[PDB]
């Protein structure tokens, strides 16, 4: 037995929430006093989570609120699995690049790579996440 539908929703939400925190740290470093190690660590989280196979957390029965757990996934997500697949793979590429650039310590290159990742997060949300 795998994760229940409720567990799948909770778990995917956790991964997203934790990526969001790390994105926020990168933004803070870019706008304030840049800490290269801190940005590298944050970028490594985003890449690792992007590569963690979160598609497995969108099993049958996770399209609607379950128990006391509410989901913000739009029903269209499940009917567009081929496109969700494409965007997820694109997000992986962007996240990998952000980690690579972050390891160099170059804030200006990170700023560009950070923007590309942000655009991938946003593209998926526009299509598949309820406001």
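Residue numbers count along the first chain shown, from 1.
Residue range whose averaged C-alpha B-factor is higher in the record, 7-15 or 113-121: The recorded data point to 113-121.
Between 43-51 and 77-85, name whichever shows the higher mean Cα B factor according to the PDB entry. If you average the C-alpha B-factors of 43-51 and of 77-85, the larger mean comes out for 77-85.
Among 56, 94, 102, 69, which carries the highest Cα B-factor? That would be 69, according to the entry.
Going by the CA temperature factor in the PDB record, which third of the chain does residue 65 belong to: lowest, middle or highest? For residue 65, the deposited C-alpha B-factor lands in the highest third.
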